[PDB]
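Protein chains in written order, with UniProt numbering: chain A, 48 to 475, 484 to 532; chain B, 48 to 476, 484 to 532. For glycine and all other residues, C-beta sits at the position ideal for the given N, C-alpha and C. Structure record follows, encoded as structure tokens.
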Ligand SMILES: Cc1cc2nc3c(=O)[nH]c(=O)nc-3n(C[C@H](O)[C@H](O)[C@H](O)COP(=O)(O)OP(=O)(O)OC[C@H]3O[C@@H](n4cnc5c(N)ncnc54)[C@H](O)[C@@H]3O)c2cc1C
Ligand SMILES: Cc1cc2nc3c(=O)[nH]c(=O)nc-3n(C[C@H](O)[C@H](O)[C@H](O)COP(=O)(O)OP(=O)(O)OC[C@H]3O[C@@H](n4cnc5c(N)ncnc54)[C@H](O)[C@@H]3O)c2cc1C
């Protein structure tokens, strides 16, 4: 239990029904607080958004998209993957939300980068790229070791142990050279009888190094990205529908756009518009989870230094586009089940689905790009985004990328109402971040931007839990 | 797709209802053949065997085990994981057998090895072991590069490109040293506000190198092992129950122990015992999928050189033991969801389940060992196997490994009736004996994973079946 039971009658108004707001309300309700959540959208979850057939969104350019994905097919437009250490998994257990493996590493997906080599724009499987990179890296270090270059820092026994590892790790020949490997895979698959298959032949060391084909390998080691990774069965938003049901829709107002938030003698008063009608609520405390760049637009009585601090959390660009195909060509032709291809192209990566394996259709995330490479899609119409996504994807996965397309749906977070950002990038543990951890009398800020896991649900959930703890301690005093 | 409709009446008898025999029967039927499968066990799938509540097995030592796993809980005693290139996945599609990801790599599982270092017998997470190993490896290669040791094989531009890669790959400091990394993980998890968490500190370079904590990293790169890997929901045996259902139980005799296989004028006659009674069946062709070391025990009229060739496929030892725990401590305490811990101990590895994530109970594969390290379990009683498994596992995962144990079940393939081997190793390893056994012996064809280039994979058995069925069809077509 996060906190004990509160004594007496105490109320909180929560602004925003994304992860931070819903977690706050859930934990406060458990402890016996009166809670009301005000959410501007007509769905729970905020930047956790899962697109399915029937999903409709009008972006800030006024373009309306209507998703027509087949029944049971979806993709996560925002949050999609969860590492094992995140409290998000603890909440899935608490809420009864089934999880499954998320394919965050795949030997059979492709890398494709421009370079001043003949590999420029050429797709290479991760296993082939890794075998060559680690093969030559191991050969080079073994050579330097054998040459005596490391004799001042490695003993004879150290050298022997290192050499043994390098021969194994690089699949080196008996004489210490990288000559290729079954780890690269096969042009023709080994089968029965005399069908030995045909190993894919290695690139040259100069090709490997000068192509930068290993530039994405360290992604596999990210603390928040290393396998095993997880995701809820049927979409990430299921966590937030589960929170909603535990909180009770009687305690959440959807379609409630907050327009004012003020400390008053009675507590905190929040004005909002819902169903075109003007409403007001007063509670003893407020938890404001509205993205920080949007808070200043509210009528408010926050001190100037707080308003300035909020402006330091700079918006960031990110977006995705999903294409439903009526043939799972990635599985049938490329032998790709989940995972992502990686590229320097604007699309940045192509992410293959982790569900409906071996079915008749599926949604591919044709891009998930951020920063400069999302700016390249943000101002395009959806039709233009799709055309660009298909063109770039076909340069990686071939002409099959252009065929069997049923429908598509995109989001760009900076252009999305009530988000206008994928996640915060603080100017310069900064003074402004630290300032915003303090209450403004009875108003508390919470959200992933006020954590050390920005752009992770874990950040939002831990922020919520800290703020709830602070309110509870204050009430106790 | 494999073959397109045979003309007239043609029959095949298939000896063995494991993957090769069932695949053979399935494809022959699709092409219009009369087929009968003779299987000694009461279940389809052979070395694909899934232990669940109600499974009873009497091994060749006379010990009977009765599995009492909770409903829905199981483990694969034989085949358990499938890489993306294997035709096994295409059969799952054809048969409507749902698959899920198999966790074959996990940053949070442990390595634990003996060495002449302070890491001897100490559990280290894969991510910490990898960060330290690749950190110091990268530091050392960058040092050698900067020193000029590779100036004869790398240009100035190559050196700069390599240096850039190594700094990133090893998470090196700006001046080229490995000083630790968030990649190692945290003793306290980063949270909100000023709760930054605390990174796990690195081991020293010599300790890391001499500990051999990286000795299993290359497993991640195995062609048949690299992620992404898959497995059927509810057990690998679902593939073979699906084959059984498509073939029809009317075309499969279970509890049929073949005792004789002979070429005869009209084809092949196979004698077998079923329901205590001596039976005989004759068909135009036979496909024999009985493991090769067991074929010589049959009455037969195979030529001497064929009998000799069969003996070159040497049997091997492998086994597993599963423990149902009433608390998923690996998830709740160690933040391990699937994957395997790896060790030099006899248990060899501890494999955590890939289903029922976040639930109240689960089966852990407390060992999966082969060769010498399975010989250490083969002659032990199940109770002794369990005691050894728990002792060794507790040395890796702590006292929690000994708690909340509900039940257990083990198999050792050399001691298992109708298998007596996990898989074949051909003496001299194609070897001449392997090549010889690809040829028909008049109307008898051999098939199985041992007659493939994917021995110990269902893919090997399935491609063998397909090749043999194709040969029979081409011959029938003339
Ligand atoms: C592209 C992308 C990729 C991501 N990848 C991952 C991932 O793989 N794994 C992971 O764990 N997380 C991921 N995330 C991060 C995750 O989505 C966030 O950490 C989480 O949603 C933050 O929760 P929050 O409550 O702080 O903010 P939000 O989710 O932004 O919620 C704020 C809420 O406030 C509401 N609101 C705004 N204005 C008003 C108003 N005027 N009145 C009332 N309500 C208002 C919004 O509608 C919204 O529901 C990703 C997010 C994005 C966008
Ligand atoms: C420990 C272990 C781990 C494995 N790991 C993997 C893995 O992860 N992935 C994977 O794809 N594969 C794996 N396999 C390999 C897979 O199980 C085999 O490739 C496959 O079962 C071989 O099929 P088969 O038909 O050639 O032989 P078998 O499966 O051995 O079938 C032979 C059949 O013959 C029957 N038989 C024997 N004698 C008689 C008789 N006298 N009369 C009638 N019938 C008889 C047997 O009962 C059996 O059903 C593993 C196997 C083991 C044992």
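Are the beta-carbon atoms of residue i and residue j separated by less than 8 Å?
i, j, result
"residue 174/B", "residue 273/A", "yes"
"residue 527/B", "residue 78/B", "yes"
"residue 152/B", "residue 267/B", "yes"
"residue 496/B", "residue 347/B", "no"
"residue 260/A", "residue 166/A", "yes"
"residue 190/B", "residue 148/B", "no"
"residue 258/B", "residue 246/B", "no"
"residue 69/B", "residue 294/B", "yes"
"residue 290/A", "residue 494/A", "no"
"residue 503/B", "residue 518/B", "yes"
"residue 112/B", "residue 104/B", "yes"
"residue 386/A", "residue 156/A", "yes"
"residue 395/B", "residue 363/B", "no"
"residue 332/B", "residue 451/B", "no"
"residue 511/B", "residue 365/B", "no"
"residue 287/B", "residue 95/B", "yes"
Run through chain B and tell me which residues come within less than 9 Å of residue i, C-beta to C-beta.
i, result
"residue 490/A", "Chain B residues near residue 490/A: none, gap ~12 Å exceeds 9 Å."
"residue 521/A", "238, 239, 240, 242"
"residue 169/A", "Neighbours of residue 169/A on chain B: none; closest Cβ ~18 Å, over 9 Å."
With 8 Å as the threshold, decide whether the Cβ of residue i is near any Cβ in chain B.
i, result
"residue 140/A", "yes"
"residue 65/A", "no"
"residue 212/A", "yes"
"residue 356/A", "no"
"residue 472/A", "no"
"residue 273/A", "yes"
"residue 150/A", "yes"
"residue 74/A", "no"
"residue 292/A", "no"
"residue 348/A", "no"
"residue 155/A", "yes"
"residue 177/A", "yes"
"residue 184/A", "yes"
For a cutoff of 8 Å on Cβ pairs, would you count residue i as touching chain A?
i, result
"residue 499/B", "no"
"residue 385/B", "yes"
"residue 486/B", "no"
"residue 237/B", "yes"
"residue 517/B", "yes"
"residue 229/B", "yes"
Quick test of your reading: residue i and residue j, contact by CB under 8 Å. State the CB separation rounded to the nearest angstrom.
i, j, result
"residue 369/A", "residue 126/A", "At roughly 15 Å, the Cβ-Cβ gap does not stay under 8 Å, so residue 369/A and residue 126/A are not in contact."
"residue 506/A", "residue 238/B", "7 Å"
"residue 465/A", "residue 72/A", "Not a contact, Cβ separation roughly 18 Å."
"residue 428/A", "residue 74/A", "In fact, because the Cβ distance is near 42 Å, the residues do not count as touching under 8 Å."
"residue 49/A", "residue 524/A", "7 Å"
"residue 315/B", "residue 329/B", "7 Å"
"residue 487/B", "residue 473/B", "7 Å"
For chain D, find out if any of its Cβ atoms is closer than 8 Å to the Cβ of residue i; answer yes or no.
i, result
"residue 270/B", "The structure shown contains no chain D; its protein chains are A and B."
For ligand 3, is there any heavy atom lying closer than 7 Å to the beta carbon of residue i?
i, result
"residue 357/B", "No copy of ligand 3 occurs in the structure displayed; its ligands are ligand 1 and ligand 2 alone."
Which residues in chain A sit within 7 Å of residue i, going by Cβ to Cβ distance?
i, result
"residue 215/B", "265"
"residue 161/B", "Per Cβ cutoff of 7 Å: no residues; residue 161/B is ~14 Å from chain A at best."
"residue 436/B", "Those do not exist, as residue 436/B stays about 23 Å from chain A at its closest Cβ, beyond 7 Å."
"residue 243/B", "507"
Residues of chain B with CB closer than 7 Å to the CB of residue i, please, in chain order.
i, result
"residue 256/A", "205, 208, 209"
"residue 382/A", "131, 132"
List, in chain order, every chain A residue whose beta-carbon is nearer than 9 Å to that of residue i.
i, result
"residue 94/B", "Result: empty, since nearest Cβ-Cβ is about 16 Å, beyond 9 Å."
"residue 191/B", "187, 188, 190, 191, 192, 194, 196, 197"
List, in order along the chain, the chain B residues whose C-beta lies closer than 8 Å to that of residue i?
i, result
"residue 404/A", "145, 146, 147, 277"
"residue 261/A", "212, 216"
Which bits of chain A does residue i rub up against, with CB to CB less than 8 Å?
i, result
"residue 174/B", "268, 270, 273"
"residue 119/B", "Ordered by position in chain A, no residue passes the 8 Å Cβ test against residue 119/B, which lies about 13 Å from the chain."
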